[PDB]
$ cat query.pdb   # PDB, C-alpha atoms
ATOM      1  CA  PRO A   1      79.322  40.736 -59.085  1.00  0.00           C
ATOM      2  CA  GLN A   2      79.111  40.875 -62.868  1.00  0.00           C
ATOM      3  CA  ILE A   3      82.153  42.850 -64.100  1.00  0.00           C
ATOM      4  CA  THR A   4      82.195  44.403 -67.623  1.00  0.00           C
ATOM      5  CA  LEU A   5      85.375  44.967 -69.561  1.00  0.00           C
ATOM      6  CA  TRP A   6      84.885  48.513 -70.745  1.00  0.00           C
ATOM      7  CA  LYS A   7      87.679  49.418 -68.361  1.00  0.00           C
ATOM      8  CA  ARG A   8      90.450  47.268 -66.739  1.00  0.00           C
ATOM      9  CA  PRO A   9      88.715  45.017 -64.052  1.00  0.00           C
ATOM     10  CA  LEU A  10      90.366  46.524 -60.940  1.00  0.00           C
ATOM     11  CA  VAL A  11      89.097  45.088 -57.673  1.00  0.00           C
ATOM     12  CA  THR A  12      89.858  45.553 -53.982  1.00  0.00           C
ATOM     13  CA  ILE A  13      91.938  42.839 -52.388  1.00  0.00           C
ATOM     14  CA  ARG A  14      93.294  42.450 -48.814  1.00  0.00           C
ATOM     15  CA  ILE A  15      96.413  40.460 -47.863  1.00  0.00           C
ATOM     16  CA  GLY A  16      97.306  40.855 -44.145  1.00  0.00           C
ATOM     17  CA  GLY A  17      96.242  44.383 -43.156  1.00  0.00           C
ATOM     18  CA  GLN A  18      97.109  45.444 -46.724  1.00  0.00           C
ATOM     19  CA  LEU A  19      94.351  46.876 -48.775  1.00  0.00           C
ATOM     20  CA  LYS A  20      95.189  46.895 -52.488  1.00  0.00           C
ATOM     21  CA  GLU A  21      93.822  47.395 -55.995  1.00  0.00           C
ATOM     22  CA  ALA A  22      94.214  44.322 -58.194  1.00  0.00           C
ATOM     23  CA  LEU A  23      93.567  43.335 -61.852  1.00  0.00           C
ATOM     24  CA  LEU A  24      91.394  40.265 -62.228  1.00  0.00           C
ATOM     25  CA  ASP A  25      93.308  38.457 -65.001  1.00  0.00           C
ATOM     26  CA  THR A  26      92.093  35.392 -66.925  1.00  0.00           C
ATOM     27  CA  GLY A  27      95.230  35.460 -69.036  1.00  0.00           C
ATOM     28  CA  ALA A  28      97.548  34.864 -66.074  1.00  0.00           C
ATOM     29  CA  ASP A  29      98.283  31.484 -64.645  1.00  0.00           C
ATOM     30  CA  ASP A  30      99.498  32.892 -61.288  1.00  0.00           C
ATOM     31  CA  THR A  31      98.884  35.751 -58.962  1.00  0.00           C
ATOM     32  CA  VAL A  32     101.756  38.225 -58.857  1.00  0.00           C
ATOM     33  CA  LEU A  33     101.585  41.161 -56.464  1.00  0.00           C
ATOM     34  CA  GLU A  34     103.875  44.142 -56.266  1.00  0.00           C
ATOM     35  CA  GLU A  35     106.793  44.076 -53.859  1.00  0.00           C
ATOM     36  CA  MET A  36     105.688  43.363 -50.348  1.00  0.00           C
ATOM     37  CA  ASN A  37     107.090  41.538 -47.410  1.00  0.00           C
ATOM     38  CA  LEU A  38     105.112  38.466 -46.678  1.00  0.00           C
ATOM     39  CA  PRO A  39     105.983  35.864 -43.992  1.00  0.00           C
ATOM     40  CA  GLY A  40     107.132  32.357 -44.772  1.00  0.00           C
ATOM     41  CA  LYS A  41     109.742  30.711 -46.941  1.00  0.00           C
ATOM     42  CA  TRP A  42     110.013  31.554 -50.651  1.00  0.00           C
ATOM     43  CA  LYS A  43     111.344  29.829 -53.786  1.00  0.00           C
ATOM     44  CA  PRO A  44     112.593  32.037 -56.714  1.00  0.00           C
ATOM     45  CA  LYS A  45     110.702  31.390 -59.949  1.00  0.00           C
ATOM     46  CA  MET A  46     110.901  32.944 -63.400  1.00  0.00           C
ATOM     47  CA  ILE A  47     107.574  33.951 -65.027  1.00  0.00           C
ATOM     48  CA  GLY A  48     107.064  35.458 -68.445  1.00  0.00           C
ATOM     49  CA  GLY A  49     104.848  37.445 -70.749  1.00  0.00           C
ATOM     50  CA  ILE A  50     105.007  40.115 -73.466  1.00  0.00           C
ATOM     51  CA  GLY A  51     108.658  41.135 -73.428  1.00  0.00           C
ATOM     52  CA  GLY A  52     110.356  38.320 -71.448  1.00  0.00           C
ATOM     53  CA  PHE A  53     110.678  36.850 -68.010  1.00  0.00           C
ATOM     54  CA  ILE A  54     111.098  38.543 -64.613  1.00  0.00           C
ATOM     55  CA  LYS A  55     112.337  36.711 -61.510  1.00  0.00           C
ATOM     56  CA  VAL A  56     109.784  36.633 -58.662  1.00  0.00           C
ATOM     57  CA  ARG A  57     109.572  34.928 -55.191  1.00  0.00           C
ATOM     58  CA  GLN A  58     106.971  32.260 -54.649  1.00  0.00           C
ATOM     59  CA  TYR A  59     104.992  32.140 -51.350  1.00  0.00           C
ATOM     60  CA  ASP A  60     102.456  29.463 -50.642  1.00  0.00           C
ATOM     61  CA  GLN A  61      99.178  29.446 -48.702  1.00  0.00           C
ATOM     62  CA  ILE A  62      98.882  33.226 -48.570  1.00  0.00           C
ATOM     63  CA  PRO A  63      95.272  34.287 -47.772  1.00  0.00           C
ATOM     64  CA  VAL A  64      93.902  37.103 -50.016  1.00  0.00           C
ATOM     65  CA  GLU A  65      90.483  38.635 -49.699  1.00  0.00           C
ATOM     66  CA  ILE A  66      88.958  39.365 -53.118  1.00  0.00           C
ATOM     67  CA  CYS A  67      85.707  41.428 -52.803  1.00  0.00           C
ATOM     68  CA  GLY A  68      84.386  39.626 -49.708  1.00  0.00           C
ATOM     69  CA  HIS A  69      85.820  36.302 -50.738  1.00  0.00           C
ATOM     70  CA  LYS A  70      88.658  34.530 -48.991  1.00  0.00           C
ATOM     71  CA  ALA A  71      91.039  32.749 -51.347  1.00  0.00           C
ATOM     72  CA  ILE A  72      94.334  31.240 -50.176  1.00  0.00           C
ATOM     73  CA  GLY A  73      97.120  30.047 -52.440  1.00  0.00           C
ATOM     74  CA  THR A  74     100.395  30.695 -54.125  1.00  0.00           C
ATOM     75  CA  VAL A  75     101.253  34.302 -54.598  1.00  0.00           C
ATOM     76  CA  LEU A  76     104.354  35.489 -56.476  1.00  0.00           C
ATOM     77  CA  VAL A  77     105.868  38.871 -55.551  1.00  0.00           C
ATOM     78  CA  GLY A  78     108.133  40.832 -57.859  1.00  0.00           C
ATOM     79  CA  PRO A  79     108.507  44.113 -59.785  1.00  0.00           C
ATOM     80  CA  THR A  80     105.114  44.277 -61.489  1.00  0.00           C
ATOM     81  CA  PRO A  81     103.454  47.788 -61.722  1.00  0.00           C
ATOM     82  CA  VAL A  82     100.037  46.202 -61.301  1.00  0.00           C
ATOM     83  CA  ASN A  83      98.791  43.609 -58.853  1.00  0.00           C
ATOM     84  CA  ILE A  84      97.561  40.566 -60.862  1.00  0.00           C
ATOM     85  CA  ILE A  85      95.037  37.973 -59.533  1.00  0.00           C
ATOM     86  CA  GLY A  86      95.346  34.998 -61.957  1.00  0.00           C
ATOM     87  CA  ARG A  87      93.523  31.784 -62.410  1.00  0.00           C
ATOM     88  CA  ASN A  88      94.879  30.007 -59.264  1.00  0.00           C
ATOM     89  CA  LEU A  89      92.755  32.259 -57.061  1.00  0.00           C
ATOM     90  CA  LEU A  90      89.928  33.155 -59.492  1.00  0.00           C
ATOM     91  CA  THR A  91      88.756  29.518 -59.556  1.00  0.00           C
ATOM     92  CA  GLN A  92      88.679  29.688 -55.735  1.00  0.00           C
ATOM     93  CA  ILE A  93      86.232  32.541 -55.666  1.00  0.00           C
ATOM     94  CA  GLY A  94      84.073  30.976 -58.424  1.00  0.00           C
ATOM     95  CA  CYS A  95      84.961  33.479 -61.187  1.00  0.00           C
ATOM     96  CA  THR A  96      83.753  32.691 -64.705  1.00  0.00           C
ATOM     97  CA  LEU A  97      83.934  34.284 -68.269  1.00  0.00           C
ATOM     98  CA  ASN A  98      80.533  34.440 -69.959  1.00  0.00           C
ATOM     99  CA  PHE A  99      79.219  35.573 -73.402  1.00  0.00           C
TER
ATOM    100  CA  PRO B   1      79.209  30.099 -73.161  1.00  0.00           C
ATOM    101  CA  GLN B   2      80.341  30.094 -69.549  1.00  0.00           C
ATOM    102  CA  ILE B   3      84.050  29.343 -69.231  1.00  0.00           C
ATOM    103  CA  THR B   4      85.636  28.178 -66.014  1.00  0.00           C
ATOM    104  CA  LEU B   5      89.263  28.928 -65.274  1.00  0.00           C
ATOM    105  CA  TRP B   6      90.686  25.564 -64.076  1.00  0.00           C
ATOM    106  CA  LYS B   7      92.130  25.414 -67.556  1.00  0.00           C
ATOM    107  CA  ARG B   8      93.613  28.267 -69.626  1.00  0.00           C
ATOM    108  CA  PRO B   9      90.656  29.997 -71.455  1.00  0.00           C
ATOM    109  CA  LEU B  10      91.854  29.046 -74.980  1.00  0.00           C
ATOM    110  CA  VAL B  11      89.441  29.524 -77.821  1.00  0.00           C
ATOM    111  CA  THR B  12      89.467  29.062 -81.557  1.00  0.00           C
ATOM    112  CA  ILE B  13      89.360  32.228 -83.639  1.00  0.00           C
ATOM    113  CA  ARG B  14      89.106  32.798 -87.416  1.00  0.00           C
ATOM    114  CA  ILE B  15      91.017  35.738 -88.802  1.00  0.00           C
ATOM    115  CA  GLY B  16      92.157  36.120 -92.488  1.00  0.00           C
ATOM    116  CA  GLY B  17      90.398  32.761 -93.281  1.00  0.00           C
ATOM    117  CA  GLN B  18      92.816  31.028 -90.832  1.00  0.00           C
ATOM    118  CA  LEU B  19      91.764  29.156 -87.606  1.00  0.00           C
ATOM    119  CA  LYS B  20      93.991  29.855 -84.610  1.00  0.00           C
ATOM    120  CA  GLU B  21      93.746  29.264 -80.876  1.00  0.00           C
ATOM    121  CA  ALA B  22      93.832  32.229 -78.550  1.00  0.00           C
ATOM    122  CA  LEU B  23      93.705  33.065 -74.883  1.00  0.00           C
ATOM    123  CA  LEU B  24      90.872  35.209 -73.573  1.00  0.00           C
ATOM    124  CA  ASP B  25      92.872  37.612 -71.351  1.00  0.00           C
ATOM    125  CA  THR B  26      90.984  40.257 -69.259  1.00  0.00           C
ATOM    126  CA  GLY B  27      94.371  41.502 -68.269  1.00  0.00           C
ATOM    127  CA  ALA B  28      95.218  42.726 -71.740  1.00  0.00           C
ATOM    128  CA  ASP B  29      93.848  45.956 -73.239  1.00  0.00           C
ATOM    129  CA  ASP B  30      94.791  45.001 -76.834  1.00  0.00           C
ATOM    130  CA  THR B  31      94.627  41.886 -78.977  1.00  0.00           C
ATOM    131  CA  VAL B  32      98.153  40.808 -80.057  1.00  0.00           C
ATOM    132  CA  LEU B  33      98.702  37.818 -82.240  1.00  0.00           C
ATOM    133  CA  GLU B  34     101.789  35.922 -83.419  1.00  0.00           C
ATOM    134  CA  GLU B  35     103.570  37.020 -86.474  1.00  0.00           C
ATOM    135  CA  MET B  36     101.274  36.716 -89.497  1.00  0.00           C
ATOM    136  CA  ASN B  37     100.639  38.515 -92.760  1.00  0.00           C
ATOM    137  CA  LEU B  38      97.324  40.235 -92.744  1.00  0.00           C
ATOM    138  CA  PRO B  39      96.211  42.706 -95.491  1.00  0.00           C
ATOM    139  CA  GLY B  40      96.096  46.339 -94.682  1.00  0.00           C
ATOM    140  CA  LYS B  41      98.426  49.218 -94.223  1.00  0.00           C
ATOM    141  CA  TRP B  42      99.958  48.852 -90.751  1.00  0.00           C
ATOM    142  CA  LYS B  43     101.646  51.333 -88.465  1.00  0.00           C
ATOM    143  CA  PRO B  44     104.627  50.223 -86.285  1.00  0.00           C
ATOM    144  CA  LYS B  45     103.554  50.337 -82.661  1.00  0.00           C
ATOM    145  CA  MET B  46     105.335  49.758 -79.319  1.00  0.00           C
ATOM    146  CA  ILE B  47     103.513  48.094 -76.341  1.00  0.00           C
ATOM    147  CA  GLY B  48     104.684  46.582 -72.937  1.00  0.00           C
ATOM    148  CA  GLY B  49     103.817  43.515 -70.666  1.00  0.00           C
ATOM    149  CA  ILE B  50     105.327  41.425 -67.678  1.00  0.00           C
ATOM    150  CA  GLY B  51     108.760  41.577 -69.231  1.00  0.00           C
ATOM    151  CA  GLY B  52     108.325  44.911 -70.843  1.00  0.00           C
ATOM    152  CA  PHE B  53     108.360  46.863 -74.049  1.00  0.00           C
ATOM    153  CA  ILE B  54     108.150  45.483 -77.702  1.00  0.00           C
ATOM    154  CA  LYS B  55     107.478  46.477 -81.341  1.00  0.00           C
ATOM    155  CA  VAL B  56     104.302  45.254 -83.032  1.00  0.00           C
ATOM    156  CA  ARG B  57     102.543  45.848 -86.309  1.00  0.00           C
ATOM    157  CA  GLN B  58      99.148  47.467 -85.754  1.00  0.00           C
ATOM    158  CA  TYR B  59      96.206  46.594 -88.096  1.00  0.00           C
ATOM    159  CA  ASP B  60      92.838  48.381 -87.870  1.00  0.00           C
ATOM    160  CA  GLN B  61      89.339  47.152 -88.469  1.00  0.00           C
ATOM    161  CA  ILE B  62      90.193  43.459 -88.809  1.00  0.00           C
ATOM    162  CA  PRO B  63      87.214  41.076 -88.589  1.00  0.00           C
ATOM    163  CA  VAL B  64      87.796  38.234 -86.083  1.00  0.00           C
ATOM    164  CA  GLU B  65      85.353  35.450 -85.187  1.00  0.00           C
ATOM    165  CA  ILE B  66      85.639  34.217 -81.546  1.00  0.00           C
ATOM    166  CA  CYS B  67      83.485  31.069 -81.024  1.00  0.00           C
ATOM    167  CA  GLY B  68      81.267  32.240 -83.872  1.00  0.00           C
ATOM    168  CA  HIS B  69      80.705  35.747 -82.400  1.00  0.00           C
ATOM    169  CA  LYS B  70      82.198  38.348 -84.696  1.00  0.00           C
ATOM    170  CA  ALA B  71      84.198  41.353 -83.677  1.00  0.00           C
ATOM    171  CA  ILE B  72      85.841  44.012 -86.015  1.00  0.00           C
ATOM    172  CA  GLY B  73      88.760  46.035 -84.559  1.00  0.00           C
ATOM    173  CA  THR B  74      92.442  46.603 -84.074  1.00  0.00           C
ATOM    174  CA  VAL B  75      94.855  43.648 -83.977  1.00  0.00           C
ATOM    175  CA  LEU B  76      98.536  44.034 -83.137  1.00  0.00           C
ATOM    176  CA  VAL B  77     100.922  41.320 -84.496  1.00  0.00           C
ATOM    177  CA  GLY B  78     104.267  40.635 -82.793  1.00  0.00           C
ATOM    178  CA  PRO B  79     106.315  38.310 -80.528  1.00  0.00           C
ATOM    179  CA  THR B  80     103.786  37.136 -77.906  1.00  0.00           C
ATOM    180  CA  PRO B  81     104.123  33.873 -75.982  1.00  0.00           C
ATOM    181  CA  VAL B  82     100.490  33.010 -76.959  1.00  0.00           C
ATOM    182  CA  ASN B  83      97.819  34.698 -79.085  1.00  0.00           C
ATOM    183  CA  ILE B  84      95.553  36.712 -76.780  1.00  0.00           C
ATOM    184  CA  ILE B  85      92.238  38.417 -77.272  1.00  0.00           C
ATOM    185  CA  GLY B  86      92.226  41.596 -75.166  1.00  0.00           C
ATOM    186  CA  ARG B  87      89.465  43.807 -73.842  1.00  0.00           C
ATOM    187  CA  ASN B  88      89.109  45.740 -77.124  1.00  0.00           C
ATOM    188  CA  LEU B  89      87.380  42.760 -78.757  1.00  0.00           C
ATOM    189  CA  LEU B  90      86.044  41.053 -75.528  1.00  0.00           C
ATOM    190  CA  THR B  91      83.723  44.092 -75.021  1.00  0.00           C
ATOM    191  CA  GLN B  92      82.520  43.697 -78.633  1.00  0.00           C
ATOM    192  CA  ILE B  93      81.379  40.175 -78.041  1.00  0.00           C
ATOM    193  CA  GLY B  94      79.818  41.122 -74.665  1.00  0.00           C
ATOM    194  CA  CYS B  95      82.173  39.177 -72.485  1.00  0.00           C
ATOM    195  CA  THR B  96      81.855  39.519 -68.661  1.00  0.00           C
ATOM    196  CA  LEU B  97      83.666  38.142 -65.489  1.00  0.00           C
ATOM    197  CA  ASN B  98      81.152  36.905 -62.911  1.00  0.00           C
ATOM    198  CA  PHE B  99      81.307  35.622 -59.259  1.00  0.00           C
TER
END

$ encode --input "query.pdb" --output "structure tokens"
Amino acid sequence: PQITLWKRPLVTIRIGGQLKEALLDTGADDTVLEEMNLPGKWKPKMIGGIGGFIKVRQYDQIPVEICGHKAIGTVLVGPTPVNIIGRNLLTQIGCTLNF
Amino acid sequence: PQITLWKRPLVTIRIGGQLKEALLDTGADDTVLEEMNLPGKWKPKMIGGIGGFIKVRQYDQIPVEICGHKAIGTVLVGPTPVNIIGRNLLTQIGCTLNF
């Protein structure tokens, strides 16, 4: 798709049987999803932004379906209001910024 | 141009006759830049991110050049990890996400 930025670029993602709304975010290095219980082992990691750092859990090789595209990678889970798909997955589905 | 996301999408902007680098962030609604003295009256503003709430200085109708495309709009100045160009000025320059 071509997505315009008049409004926040919310997209449908699917992780497991979970269907979810997610922000496609070029400004984020990592993908951080709201609190969910994924399988596998997890490292704690600190990530930051406007305001500070929050502690999240890091899970690897988690498959996420972004608009008909399968991406699999590191997903961080922690107390974010909004699901964030960052550059680690966006490169996987071929996403690009153009102007 | 078409910008790929293997690397952070860092760009050179020109604001107040000064060249700065800035992240193109589809995840942000607003443009917020490191502490700098711009001319204008400014209103105190409060915003929030992955970490939370903060105080910024808001400036209206600031001209910004982003890779030689010019935009004119609001710029918030405050303690951000990295200068970011948000959707308020990425729409002005006709930026899109594509995959």

$ atom_distance --input "query.pdb" --atom1 "atom CA of residue B:23" --atom2 "atom CA of residue A:49"
12.7 Å

$ residues_around --input "query.pdb" --residues "residue B:33" --least-positions-apart "4" --cutoff "8 Å" --atoms "all atoms listed in the file" --output "PyMOL selection string"
chain B and resi 75-80+82-84

$ axis_aligned_box --input "query.pdb" --around "stretch 12-17 of chain B" --padding-each-side "8 Å" --output "JSON"
{"center_x": 90.6, "center_y": 32.6, "center_z": -87.4, "size_x": 19.1, "size_y": 23.1, "size_z": 27.7}

$ interface_residues --input "query.pdb" --of "chain B" --to "chain A" --cutoff "8 Å" --atoms "all atoms listed in the file" --output "ChimeraX atom specification"
/B:1-6,8-9,23-29,48-54,79-81,84,87,90-91,93-99

$ atom_distance --input "query.pdb" --atom1 "atom CA of residue A:43" --atom2 "atom CA of residue A:58"
5.1 Å

$ atom_distance --input "query.pdb" --atom1 "atom CA of residue B:60" --atom2 "atom CA of residue B:32"
12.1 Å

$ resolve_selection --input "query.pdb" --expression "the PyMOL selection byres ((chain B and resi 63) around 10)" --output "ChimeraX atom specification"
/B:14-16,60-62,64-66,70-75,89

$ closest_residue --input "query.pdb" --among "B:68, B:17, B:57, B:12" --to "residue B:34" --atoms "all atoms listed in the file"
B:57
